[PDB]
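One structure below.
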Amino acid sequence: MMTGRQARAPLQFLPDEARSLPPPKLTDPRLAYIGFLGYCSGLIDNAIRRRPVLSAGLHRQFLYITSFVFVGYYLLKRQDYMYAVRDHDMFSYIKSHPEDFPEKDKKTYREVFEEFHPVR
Amino acid sequence: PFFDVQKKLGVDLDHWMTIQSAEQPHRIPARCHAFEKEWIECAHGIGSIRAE
Amino acid sequence: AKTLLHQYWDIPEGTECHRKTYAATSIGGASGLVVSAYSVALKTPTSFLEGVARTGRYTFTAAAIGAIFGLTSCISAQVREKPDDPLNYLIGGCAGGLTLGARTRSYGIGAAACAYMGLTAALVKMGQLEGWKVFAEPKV
Amino acid sequence: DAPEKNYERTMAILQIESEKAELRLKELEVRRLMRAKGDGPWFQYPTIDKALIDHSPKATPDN
Amino acid sequence: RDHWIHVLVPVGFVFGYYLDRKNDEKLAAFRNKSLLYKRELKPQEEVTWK
Amino acid sequence: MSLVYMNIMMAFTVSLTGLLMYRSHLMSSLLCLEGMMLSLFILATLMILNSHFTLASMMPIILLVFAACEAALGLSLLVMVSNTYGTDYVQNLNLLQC
Amino acid sequence: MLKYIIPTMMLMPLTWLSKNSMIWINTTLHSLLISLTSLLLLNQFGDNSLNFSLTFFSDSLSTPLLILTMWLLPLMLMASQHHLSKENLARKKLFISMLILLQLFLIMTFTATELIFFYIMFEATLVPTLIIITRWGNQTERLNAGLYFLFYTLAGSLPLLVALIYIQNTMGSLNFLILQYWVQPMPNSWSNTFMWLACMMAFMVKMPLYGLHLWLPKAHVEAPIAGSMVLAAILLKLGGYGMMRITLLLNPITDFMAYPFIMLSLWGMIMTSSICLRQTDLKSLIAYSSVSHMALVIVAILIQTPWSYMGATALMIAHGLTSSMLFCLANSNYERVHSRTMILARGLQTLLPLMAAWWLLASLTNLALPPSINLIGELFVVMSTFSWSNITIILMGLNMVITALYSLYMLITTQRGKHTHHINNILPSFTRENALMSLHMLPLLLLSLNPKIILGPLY
Amino acid sequence: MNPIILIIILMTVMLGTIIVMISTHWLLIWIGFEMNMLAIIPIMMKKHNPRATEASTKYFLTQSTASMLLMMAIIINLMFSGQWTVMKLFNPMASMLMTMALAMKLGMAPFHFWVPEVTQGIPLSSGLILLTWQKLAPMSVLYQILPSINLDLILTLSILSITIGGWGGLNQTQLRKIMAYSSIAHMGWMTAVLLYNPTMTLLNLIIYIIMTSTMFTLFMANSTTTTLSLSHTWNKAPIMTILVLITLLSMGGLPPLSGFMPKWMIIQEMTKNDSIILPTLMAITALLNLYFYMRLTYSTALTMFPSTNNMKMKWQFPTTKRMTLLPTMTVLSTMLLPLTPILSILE
Amino acid sequence: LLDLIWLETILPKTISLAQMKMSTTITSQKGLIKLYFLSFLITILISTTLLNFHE
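This is the structure:
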């Protein structure tokens, strides 16, 4: 859909205008869920190699958590960037084409006739 | 996925054989050099939907 | 085979019975030839004669389904005086299902083909009425 | 909670969700128009870059 | 603590309760702005609810 | 369009339908595959020479080389089939039905 | 609603970190604490629902189902800890984790503000239920019962997915609070006919509708006791909850789309009740009686009058408690005689008198004895269906004959008559079992004192 | 094989796919497909038995035929457009031939008839490469030519792939053929949303590659190629039964799992374009895929089939196999649905 | 008659037998490369002449 937008500046994971956006917090609940996915990957990695699940290799579990939070932070940055580009293109297109987007005259319900269907 | 590595790194791997109106050896023109140059300069940048 | 379906759907319902019957017979014969072509492709017949027997059997089966379908649909749309009505194609699709059961020489396949093909033909009628698109054009 | 709190919290919820619904409807209409006309930034399918063309004097003049 | 397992579910209530209160401050766009309950603020009052 | 393109496309379709209807030998299949490649070579060549598009004159050679390497690989596969059954018959290659 | 979601999730480390003798006691204790906390949802108003956030809200329909859901988990833990005593410890924790996960999915199924999140939770409840049936069921047919339970539900629910995404694309939203105000009338067309079927048939399967009920006398029978409790008491009621949310959008076409299905229930509750007259399997008798009771809820939701919705939600809560107690009684005999055949163990009032008193009370609530909320829901549905069409009282009243006739037959065959001579392992009633029977029956009797909390959003 | 030669040959497979992904000239597209086929042939003949040679022969014939049809589509594009840009095609005949060639490369029905054979004939690692990495280059070419693809052809190929991959897996007991018919059904789902929203095509491809990589990694870690040897896993490694349970319930698309994520999004893009019959019939047909997934979960996780006595020896040895990214791929293929709006990174 | 046979017959058993029968038709191939490519040629001929997917 938006493939012509990111074609003049190709293969850019986060462009410069993405720095105009507020970055996700470190207490982003999406980022905390990705850290929980890292913790689950650590527990499954202990389980498949028959280690004690909660105890064995805390350095490995912590690197799982760190790696998922590290990748997921940039993935959330790019997510917020692409939705920002989506809405920017939408609003610029609505502004540049007023003839396709007229203001609908909103009628109050004193004029608006609705057909009554009795439940009996 | 068109990972445009050639425009990203600035290298020219295969753009040279892409069109007939490109830089040719010994400046040999194609028989439809002028028509292809006019079609490309028409349809440049405006997108395929408008270009059709 | 797009023109076959056009010359089926160009004629209004319950108007010209024999031409509708011939158009639906031709649609059934085309489907029978496609099924016969893949049948003698993927499963090798033991002879040329057995292969053309399978081809003629499947083509006549689907052609008879289409013939009795279009016939029963147009006769019901004539005698019920309601051309834009999916109950006519429900009756015609059950007649085609009974035709498939008569060709397979069994009752239960006829009843199952009656129910499912009649509901499918009724759905095709509703899709022609309200404009339902199965291969819908990309618009957004 | 107070009825005031539930009431005005409901009004905030209804504003946020009605704004999101109107934006989704406008999003559908913007997508339909940009696919139909090809004049926005979306659905910009690529054409040939005109910077590939050699404009030098060639070997033969009729070009 | 020898019975630290008996605070997992209760604090998980309280923390959850906390987040609901923290959620309500993000839904305060019409606090004292509804046509039904709007009024003037009392002295030593800055919000009408929390 | 031009009349020779009709024959080169019809040659590609004849070698296609030969390649899409096996008789017994896998070598005859590889010959039909290389006939398809040869007709592609001829058709690319007649276009590029007609259009005076200079840089694509190296294109059919490339189309030769890769595909001939492809042919080499196909011959090797045939030989391995021939080193299992003694013949290159395509009906011997039916073990993967179950 | 996050103050109930997070304790339910903290039940997972509570059961996976408990000592090996402690995983039933701790989960029972803290799930009873969550069930005590569930009463804060009774902050309901006469006009406005209790609207927590963009994601969660709770009116007076979701609130009794939430209280019943959060109350059913400790009772399932008590019912299921005996027959899983010799079970492996990690599989025991996996069983408890599936029950906890099912409670988690249900309590945000009922409070889902937006309908596609309702759909995701509504279909997320399949997977723990499927795993509980097919893993901790007792017989061979638990696998086929899991297949039927999965594939009637998904064949119903995937057109619901398509229809809800269509409402999302047309109305712009699937917020129920938005769709209270932006709901457009649905006229007569074939497109709107299949719109109605796609919006309704998933919940028709989950109620179950008669003719589509075939998954239930396998899935309720082949399951273990916690599976039968959550299937009868909560998971049938997702269909009625989803119908009461979705028939807002289906007017006025419902007023002539309801006619076949109303017939399918008004005759079907005659049939399945009649089927309960000849069931040799006691657990299957309770399953077919659940179909018979939910047929009235189907009629009451389709006729869409206020008395009908009040009787339907009262009958859903009442049937949840009653059918859960009936399955627990059937399991209390299955744990002794090791057969679900009802004619096997007879004369049990001579041997177990207090358990026979519990059988009497659950039978009287099954046959809608006033002033129980079984009779309140039954009666309000009968009033609204008489106002719908006056002839329906015949099919109501005949139902109320047969509903008595299998309820006391179940009481007479199991508890009365001469006891069976060759059965001698009939132990006295354990304290856990009588506790289970009382924790079903005593809320069901106390709700007659204050029934207004289980009468829906339009009391 | 020499491990250096294995590394160079796998880098050449990757090099062919990357050359397809990055090139702007159709000859280099064709060259990337030729390099990909040429380098993946020794991966299929890794064990040197007649089934691998038969599978490599069938794979060579289908991919060679598709490469010739691809070059004919390219050459007809050069006829009717006089250029070589990897973009839309300028003739419906070249568009049909290129769509047929890419359907042959992907093994979409009715060009599916090589996929359950070849995957059966080759090891699990080469089957993993064939069912994950070998989809990327033709889906990239389909991504870049979608202004020229016929709608009726691509949806015919899509529904024929979904139905045939649904019915084909119901009759199987071999795990590789199950994954191959699963491949055919999922490629039908990817191409059904291509002309509507190709970001959802990329989403379905990524979630499919994750789930297929998880299932092949589980099959390699347990050394099971049949259903009935996969059913011995509970007596050897009980955690792997849990993992195949949650991953097969994900591949059927049951919520709240992440394999519900693509198809739902696909329906989310097909009803915006006023197609209601088609994604409904697709979703009902995917119940067949879920049925034989449920068959495998009943054989492996939810019941306990009888084992043998020599299993007691294997209790004394832990798994020394490098189960590469198996916890990561298991977590990603199950618990990713709450992160569904991450898909905008694929736009 | 109803809730053990006919309501069991029409929705689940007929659908299950139909999917079983179609599954046994699709997977009954003889492993012959000849027949699969002959089906591919029949596919291309139906697509061009009978379905017109090149126009």
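Residue numbers (the authors' numbering), protein chains in the order written: chain o, 1 to 120; chain l, 1 to 52; chain V, 1 to 140; chain W, 81 to 143; chain y, 8 to 57; chain K, 1 to 98; chain M, 1 to 459; chain N, 1 to 347; chain L, 552 to 606. All C-beta atoms, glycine included, are put in the ideal place defined by N, C-alpha and C.
Counterpart residues of residue i in DSSP-defined beta bridges
i, result
"residue 45 (chain o)", "Looking at the DSSP assignment, residue 45 (chain o) forms no beta bridge with any residue, so it has no partner."
"residue 83 (chain N)", "l:19"
"residue 113 (chain K)", "Lying outside 1 to 98, the shown extent of chain K, residue 113 (chain K) is not represented and no answer is given."
"residue 50 (chain M)", "M:58"
"residue 281 (chain M)", "M:341"
"residue 222 (chain N)", "Answer is none; residue 222 (chain N) lacks a bridge partner."
"residue 25 (chain N)", "N:85"
Beta-carbon contacts of residue i that lie in its chain and below 6 Å, excluding the five residues immediately before and after
i, result
"residue 64 (chain o)", "38, 41, 42"
"residue 115 (chain W)", "123"
"residue 128 (chain N)", "216"
"residue 281 (chain M)", "340"
Within-8 Å CB hit, residue i to chain K
i, result
"residue 34 (chain l)", "no"
Any C-beta of chain M under 8 Å from that of residue i
i, result
"residue 117 (chain o)", "yes"
Contact with chain W by residue i, beta-carbon distance below 8 Å
i, result
"residue 82 (chain o)", "no"
"residue 42 (chain N)", "no"
"residue 6 (chain l)", "no"
"residue 73 (chain o)", "no"
"residue 51 (chain M)", "yes"
"residue 40 (chain y)", "yes"
"residue 7 (chain o)", "yes"
Alpha-carbon spacing of residue i relative to residue j, whole angstroms
i, j, result
"residue 149 (chain M)", "residue 158 (chain M)", "15 Å"
"residue 406 (chain M)", "residue 180 (chain M)", "42 Å"
"residue 81 (chain K)", "residue 49 (chain N)", "10 Å"
"residue 64 (chain N)", "residue 33 (chain N)", "10 Å"
"residue 371 (chain M)", "residue 448 (chain M)", "6 Å"
"residue 234 (chain N)", "residue 23 (chain o)", "46 Å"
"residue 84 (chain o)", "residue 86 (chain N)", "30 Å"
"residue 210 (chain M)", "residue 353 (chain M)", "37 Å"
"residue 238 (chain N)", "residue 328 (chain N)", "18 Å"
"residue 32 (chain y)", "residue 56 (chain M)", "16 Å"
"residue 332 (chain N)", "residue 118 (chain M)", "23 Å"
"residue 167 (chain N)", "residue 83 (chain M)", "40 Å"
Below-8 Å beta-carbon distance, residue i vs any chain L residue
i, result
"residue 90 (chain N)", "no"
"residue 20 (chain K)", "yes"
Cutoff 8 Å: residue i Cβ touching any chain l Cβ
i, result
"residue 10 (chain o)", "yes"
"residue 4 (chain o)", "yes"
Closer than 8 Å to chain V by CB, residue i
i, result
"residue 598 (chain L)", "no"
C-beta neighbour in chain o for residue i, strict 8 Å
i, result
"residue 105 (chain W)", "no"
Proximity test, Cβ basis, 8 Å: residue i and chain N
i, result
"residue 90 (chain o)", "no"
Cβ-based neighbour list, residue i, same chain, cut-off 8 Å, excluding 5 preceding and 5 following
i, result
"residue 54 (chain V)", "36, 39, 40, 45"
Residues of its chain near residue i, where Cβ-Cβ distance is below 7 Å and the 5 sequence neighbours each way are ignored
i, result
"residue 275 (chain N)", "none"
"residue 267 (chain N)", "279, 283"
### Task
Enumerate, from N- to C-terminal direction, the unbroken alpha helix (DSSP H) stretches of 4 or more residues contained entirely within the stretch 111-172 of chain M.
Taken in chain order, the whole alpha helix (DSSP H) runs of length 4 or more contained in the stretch 111-172 of chain M are 115-124, 126-136, 142-171.
### Query
Whole alpha helix (DSSP H) runs in the stretch 156-219 of chain N with 4 or more residues, listed along the chain?
175-192
### Task
Within the stretch 64-110 of chain M, note down every full alpha helix (DSSP H) run reaching 4 residues or more, in order along the chain.
89-107
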